[PDB]
Every structure is written in structure tokens, then in C-alpha cells.
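Residue numbers (PDB author numbering): 17 to 47.
Inspection log for the structure reproduced underneath, given as C-alpha cells.
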């Protein structure tokens, strides 16, 4: 899961993913 891989390595993205999941967090961070 490249989305989670990338997002997990950004504390802000990971924090967002804690709330909305990696796909939404990735989209909001890397869209």
C-alpha cells in the first residue's frame, strides 16, 4: 500500500490517517 507507506512517513499525514484513514489522509496530503 504505497499510500499508507508514504503517509505513514509524514507525522502529519499519519495523524490525519488516524482520524480518516490512509486513503483520505493521503488524498488530502498528496492530492
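Cβ coordinates follow ideal geometry from the N, Cα and C atoms, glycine included.
Query: Cα-Cα separation, residue 20 to residue 42; Result: 7 angstroms
Query: Residue 32, buried or exposed, once every other Cβ within 10 Å from all chains shown has been counted against 16; Result: buried
Query: Residue interval of the alpha helix (DSSP H) (run including residue 47); Result: Here residue 47 belongs to no alpha helix (DSSP H), and DSSP marks it neither H nor E.
Query: For residue 17, three-class secondary structure by DSSP; Result: coil
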